[PDB]
Amino acid sequence: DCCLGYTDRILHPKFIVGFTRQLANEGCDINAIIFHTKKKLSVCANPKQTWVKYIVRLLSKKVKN
Amino acid sequence: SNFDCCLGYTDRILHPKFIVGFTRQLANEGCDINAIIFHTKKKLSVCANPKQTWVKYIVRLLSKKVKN
Ligand SMILES: O=S([O-])[O-]
Ligand SMILES: O=S([O-])[O-]
Ligand SMILES: O=S([O-])[O-]
Ligand SMILES: O=S([O-])[O-]
């Protein structure tokens with residue numbers, strides 16, 4: 001459903017297969033990055049955190065290449 | 001469980017404003033072809049060709065939005 005809290009975890013860049021962005025803007029109350037992982041589970045993350053931004057850029061660069 | 005594979009690419013062109021995320025399918029992780037799977041809020045995803053400029057663009061746009 002909507003993320004209400006953010007993980008304390010710091011994910012490995014190779015453990016994620018993608019992500020979704022949740023905006024306070026659409027149905028949910030807060031903004032979140034939802035990482036989709038190789039365990040076919042999703043992890044809710046703080047959009048402002050340096051690791052979250054970094055993983056997302058590593059993934060999109062991989063696609064660019 | 002195993003990831004259900006895209007076996008081919010959509011012809012549809014979805015406006016990027018409806019795309020809320022993506023997952024990348026890699027042939028080197030077991031499926032037969034590479035794909036980008038675009039997610040929408042209505043939980044209907046579409047399978048896209050990673051080689052296409054349009055596809056790489058939308059993916060980069062999604063990341064730049066996260067950057068801020
Ligand atoms: O298949 S990756 O390069 O999007
Ligand atoms: O449906 S499209 O935007 O690959
Ligand atoms: O999720 S895998 O098949 O790249
Ligand atoms: O595992 S696949 O790339 O034939």
# chains A, B, ... in the order shown; residues from 1 in each chain; ligands from 1

$ residues_near_ligand --ligand "ligand 4" --cutoff "6 Å" --atoms "only C-alpha atoms and all ligand atoms" --output "PyMOL selection string"
chain B and resi 27-28+30-32

$ write_last_selection --atoms "N, CA, C and O atoms" --output "tab-separated table (two decimals), in the first residue's frame"
chain	number	residue	atom	x	y	z
B	27	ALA	N	18.90	-10.57	-19.12
B	27	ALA	CA	19.14	-11.93	-19.66
B	27	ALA	C	20.19	-12.65	-18.88
B	27	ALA	O	20.14	-13.85	-18.71
B	28	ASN	N	21.15	-11.92	-18.33
B	28	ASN	CA	22.21	-12.58	-17.51
B	28	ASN	C	21.75	-12.98	-16.08
B	28	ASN	O	22.53	-13.53	-15.30
B	30	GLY	N	18.72	-14.78	-16.04
B	30	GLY	CA	17.93	-15.96	-16.38
B	30	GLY	C	16.83	-15.85	-17.38
B	30	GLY	O	16.59	-16.78	-18.13
B	31	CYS	N	16.11	-14.72	-17.45
B	31	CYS	CA	15.15	-14.56	-18.52
B	31	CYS	C	15.89	-14.54	-19.85
B	31	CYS	O	17.08	-14.28	-19.89
B	32	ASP	N	15.19	-14.79	-20.95
B	32	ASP	CA	15.86	-14.85	-22.28
B	32	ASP	C	16.25	-13.50	-22.88
B	32	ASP	O	17.24	-13.42	-23.63

$ interface_residues --of "chain A" --to "chain B" --cutoff "8 Å" --atoms "only C-alpha atoms" --output "list in words"
residues 17, 18, 19, 20, 21, 22, 36, 39, 40, 47, 53, 56, 57, 60, 61, 63 and 64 of chain A

$ atom_distance --atom1 "CA of residue 51 in chain A" --atom2 "atom 1 (O, counted along the ligand's line) of ligand 3"
21.7 Å

$ select_by_dssp --residues "range 12-46 of chain A" --states "strand (DSSP E or B)" --output "list in words"
residues 16, 17, 18, 19, 20, 21, 22, 23, 24, 26, 27, 28, 29, 30, 31, 32, 33, 34, 35, 36, 37, 42, 43, 44 and 45 of chain A

$ write_last_selection --atoms "N, CA and C atoms" --output "PDB file, in the first residue's frame"
ATOM      1  N   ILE A  16      18.959  -4.540  -5.717  1.00  0.00           N
ATOM      2  CA  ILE A  16      17.719  -3.938  -6.202  1.00  0.00           C
ATOM      3  C   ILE A  16      17.567  -4.215  -7.671  1.00  0.00           C
ATOM      4  N   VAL A  17      16.336  -4.486  -8.073  1.00  0.00           N
ATOM      5  CA  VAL A  17      16.027  -4.593  -9.509  1.00  0.00           C
ATOM      6  C   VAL A  17      15.248  -3.379 -10.073  1.00  0.00           C
ATOM      7  N   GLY A  18      14.853  -2.458  -9.214  1.00  0.00           N
ATOM      8  CA  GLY A  18      14.096  -1.309  -9.668  1.00  0.00           C
ATOM      9  C   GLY A  18      13.556  -0.506  -8.497  1.00  0.00           C
ATOM     10  N   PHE A  19      12.665   0.425  -8.797  1.00  0.00           N
ATOM     11  CA  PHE A  19      12.050   1.185  -7.738  1.00  0.00           C
ATOM     12  C   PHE A  19      10.808   1.853  -8.283  1.00  0.00           C
ATOM     13  N   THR A  20       9.975   2.258  -7.338  1.00  0.00           N
ATOM     14  CA  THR A  20       8.814   3.084  -7.602  1.00  0.00           C
ATOM     15  C   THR A  20       8.891   4.362  -6.755  1.00  0.00           C
ATOM     16  N   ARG A  21       8.426   5.486  -7.293  1.00  0.00           N
ATOM     17  CA  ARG A  21       8.346   6.691  -6.486  1.00  0.00           C
ATOM     18  C   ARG A  21       6.905   6.939  -6.008  1.00  0.00           C
ATOM     19  N   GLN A  22       6.798   7.178  -4.721  1.00  0.00           N
ATOM     20  CA  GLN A  22       5.518   7.472  -4.079  1.00  0.00           C
ATOM     21  C   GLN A  22       5.540   8.968  -3.795  1.00  0.00           C
ATOM     22  N   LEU A  23       4.525   9.684  -4.297  1.00  0.00           N
ATOM     23  CA  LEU A  23       4.464  11.129  -4.107  1.00  0.00           C
ATOM     24  C   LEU A  23       3.266  11.506  -3.221  1.00  0.00           C
ATOM     25  N   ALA A  24       3.505  12.419  -2.286  1.00  0.00           N
ATOM     26  CA  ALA A  24       2.455  13.105  -1.524  1.00  0.00           C
ATOM     27  C   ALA A  24       1.893  14.095  -2.509  1.00  0.00           C
ATOM     28  N   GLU A  26      -0.209  12.171  -4.998  1.00  0.00           N
ATOM     29  CA  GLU A  26      -1.156  11.175  -5.405  1.00  0.00           C
ATOM     30  C   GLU A  26      -1.748  10.628  -4.095  1.00  0.00           C
ATOM     31  N   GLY A  27      -2.345   9.445  -4.122  1.00  0.00           N
ATOM     32  CA  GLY A  27      -3.169   8.962  -3.004  1.00  0.00           C
ATOM     33  C   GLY A  27      -2.571   8.891  -1.601  1.00  0.00           C
ATOM     34  N   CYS A  28      -1.247   8.781  -1.515  1.00  0.00           N
ATOM     35  CA  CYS A  28      -0.570   8.530  -0.240  1.00  0.00           C
ATOM     36  C   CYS A  28      -0.254   9.821   0.510  1.00  0.00           C
ATOM     37  N   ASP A  29       0.030   9.684   1.796  1.00  0.00           N
ATOM     38  CA  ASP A  29       0.236  10.825   2.675  1.00  0.00           C
ATOM     39  C   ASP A  29       1.652  11.432   2.602  1.00  0.00           C
ATOM     40  N   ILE A  30       2.684  10.624   2.281  1.00  0.00           N
ATOM     41  CA  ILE A  30       4.081  11.076   2.338  1.00  0.00           C
ATOM     42  C   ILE A  30       4.801  10.626   1.073  1.00  0.00           C
ATOM     43  N   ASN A  31       5.960  11.226   0.808  1.00  0.00           N
ATOM     44  CA  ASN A  31       6.828  10.848  -0.346  1.00  0.00           C
ATOM     45  C   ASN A  31       7.743   9.697   0.089  1.00  0.00           C
ATOM     46  N   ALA A  32       7.999   8.745  -0.791  1.00  0.00           N
ATOM     47  CA  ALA A  32       8.839   7.569  -0.477  1.00  0.00           C
ATOM     48  C   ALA A  32       9.452   7.015  -1.772  1.00  0.00           C
ATOM     49  N   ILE A  33      10.613   6.366  -1.636  1.00  0.00           N
ATOM     50  CA  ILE A  33      11.152   5.537  -2.689  1.00  0.00           C
ATOM     51  C   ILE A  33      10.935   4.076  -2.285  1.00  0.00           C
ATOM     52  N   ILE A  34      10.292   3.290  -3.139  1.00  0.00           N
ATOM     53  CA  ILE A  34      10.042   1.886  -2.838  1.00  0.00           C
ATOM     54  C   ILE A  34      10.970   1.093  -3.749  1.00  0.00           C
ATOM     55  N   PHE A  35      12.005   0.511  -3.155  1.00  0.00           N
ATOM     56  CA  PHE A  35      12.901  -0.364  -3.853  1.00  0.00           C
ATOM     57  C   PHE A  35      12.291  -1.737  -4.001  1.00  0.00           C
ATOM     58  N   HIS A  36      12.426  -2.284  -5.195  1.00  0.00           N
ATOM     59  CA  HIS A  36      12.053  -3.642  -5.515  1.00  0.00           C
ATOM     60  C   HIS A  36      13.339  -4.466  -5.542  1.00  0.00           C
ATOM     61  N   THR A  37      13.362  -5.555  -4.781  1.00  0.00           N
ATOM     62  CA  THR A  37      14.591  -6.286  -4.522  1.00  0.00           C
ATOM     63  C   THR A  37      14.560  -7.641  -5.185  1.00  0.00           C
ATOM     64  N   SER A  42       9.532  -5.520  -1.455  1.00  0.00           N
ATOM     65  CA  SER A  42       9.738  -4.106  -1.613  1.00  0.00           C
ATOM     66  C   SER A  42      10.134  -3.466  -0.290  1.00  0.00           C
ATOM     67  N   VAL A  43      11.046  -2.516  -0.390  1.00  0.00           N
ATOM     68  CA  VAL A  43      11.583  -1.822   0.750  1.00  0.00           C
ATOM     69  C   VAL A  43      11.301  -0.340   0.655  1.00  0.00           C
ATOM     70  N   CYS A  44      10.642   0.239   1.670  1.00  0.00           N
ATOM     71  CA  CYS A  44      10.314   1.652   1.636  1.00  0.00           C
ATOM     72  C   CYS A  44      11.514   2.487   2.175  1.00  0.00           C
ATOM     73  N   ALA A  45      11.875   3.565   1.474  1.00  0.00           N
ATOM     74  CA  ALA A  45      13.075   4.358   1.775  1.00  0.00           C
ATOM     75  C   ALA A  45      12.890   5.898   1.694  1.00  0.00           C
TER      76      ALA A  45
END

$ residues_near_ligand --ligand "ligand 2" --cutoff "6 Å" --atoms "only C-alpha atoms and all ligand atoms" --output "JSON, numbers by chain"
{"B": [12, 13, 14, 48, 55]}

$ write_last_selection --atoms "N, CA, C and O atoms" --output "mmCIF file, in the first residue's frame"
data_model
loop_
_atom_site.group_PDB
_atom_site.id
_atom_site.type_symbol
_atom_site.label_atom_id
_atom_site.label_comp_id
_atom_site.auth_asym_id
_atom_site.auth_seq_id
_atom_site.Cartn_x
_atom_site.Cartn_y
_atom_site.Cartn_z
ATOM 1 N N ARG B 12 2.248 -0.219 -27.418
ATOM 2 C CA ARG B 12 1.699 0.928 -26.704
ATOM 3 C C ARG B 12 2.777 1.964 -26.399
ATOM 4 O O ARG B 12 3.948 1.633 -26.153
ATOM 5 N N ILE B 13 2.359 3.226 -26.391
ATOM 6 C CA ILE B 13 3.181 4.304 -25.877
ATOM 7 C C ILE B 13 2.411 4.970 -24.732
ATOM 8 O O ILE B 13 1.413 5.672 -24.941
ATOM 9 N N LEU B 14 2.877 4.742 -23.516
ATOM 10 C CA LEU B 14 2.226 5.297 -22.351
ATOM 11 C C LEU B 14 2.833 6.663 -22.061
ATOM 12 O O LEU B 14 4.049 6.825 -22.140
ATOM 13 N N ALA B 48 9.196 -3.039 -22.046
ATOM 14 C CA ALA B 48 9.775 -2.074 -22.964
ATOM 15 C C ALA B 48 11.180 -2.465 -23.399
ATOM 16 O O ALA B 48 11.897 -3.141 -22.659
ATOM 17 N N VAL B 55 12.995 4.708 -24.120
ATOM 18 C CA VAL B 55 13.012 3.905 -22.894
ATOM 19 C C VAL B 55 14.099 4.366 -21.910
ATOM 20 O O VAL B 55 13.822 4.570 -20.699
#

$ atom_distance --atom1 "CA of residue 17 in chain B" --atom2 "atom 3 (O, counted along the ligand's line) of ligand 3"
25.6 Å

$ closest_residue --among "A:52, A:58, A:41, A:10" --to "ligand 1" --atoms "only C-alpha atoms and all ligand atoms"
A:58

$ atom_distance --atom1 "CA of residue 4 in chain B" --atom2 "CA of residue 59 in chain A"
20.1 Å

$ select_by_dssp --residues "chain A" --states "alpha helix (DSSP H)" --output "PyMOL selection string"
chain A and resi 50-64

$ write_last_selection --atoms "N, CA and C atoms" --output "short mmCIF file (atom, residue, chain, number, x, y, z; two decimals), in the first residue's frame"
data_model
loop_
_atom_site.label_atom_id
_atom_site.label_comp_id
_atom_site.auth_asym_id
_atom_site.auth_seq_id
_atom_site.Cartn_x
_atom_site.Cartn_y
_atom_site.Cartn_z
N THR A 50 21.12 9.99 1.25
CA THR A 50 22.18 9.93 0.27
C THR A 50 22.29 8.57 -0.41
N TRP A 51 22.20 7.48 0.35
CA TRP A 51 22.19 6.11 -0.22
C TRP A 51 21.04 5.85 -1.18
N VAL A 52 19.88 6.43 -0.90
CA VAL A 52 18.68 6.19 -1.72
C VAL A 52 18.90 6.84 -3.07
N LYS A 53 19.33 8.09 -3.06
CA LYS A 53 19.64 8.81 -4.31
C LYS A 53 20.76 8.16 -5.12
N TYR A 54 21.74 7.63 -4.41
CA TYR A 54 22.88 7.02 -5.04
C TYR A 54 22.51 5.70 -5.73
N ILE A 55 21.78 4.84 -5.05
CA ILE A 55 21.34 3.57 -5.65
C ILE A 55 20.53 3.76 -6.86
N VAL A 56 19.68 4.78 -6.83
CA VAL A 56 18.79 5.07 -7.93
C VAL A 56 19.61 5.53 -9.13
N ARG A 57 20.58 6.39 -8.90
CA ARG A 57 21.49 6.82 -10.00
C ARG A 57 22.36 5.65 -10.54
N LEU A 58 22.81 4.76 -9.68
CA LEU A 58 23.57 3.61 -10.17
C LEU A 58 22.72 2.72 -11.09
N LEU A 59 21.49 2.51 -10.70
CA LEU A 59 20.56 1.70 -11.50
C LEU A 59 20.23 2.37 -12.85
N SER A 60 19.88 3.64 -12.82
CA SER A 60 19.55 4.32 -14.07
C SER A 60 20.80 4.44 -15.03
N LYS A 61 21.99 4.53 -14.48
CA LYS A 61 23.22 4.55 -15.28
C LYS A 61 23.43 3.18 -15.99
N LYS A 62 23.15 2.12 -15.24
CA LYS A 62 23.26 0.76 -15.78
C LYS A 62 22.33 0.62 -16.97
N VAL A 63 21.12 1.14 -16.85
CA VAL A 63 20.20 1.11 -17.97
C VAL A 63 20.70 1.97 -19.15
N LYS A 64 21.25 3.12 -18.85
CA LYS A 64 21.74 4.01 -19.88
C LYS A 64 22.76 3.24 -20.72
#

$ closest_residue --among "B:49, B:16, B:54, B:11" --to "residue 33 in chain B" --atoms "only C-alpha atoms"
B:49

$ closest_residue --among "B:47, B:15, B:52, B:34" --to "ligand 3" --atoms "only C-alpha atoms and all ligand atoms"
B:34
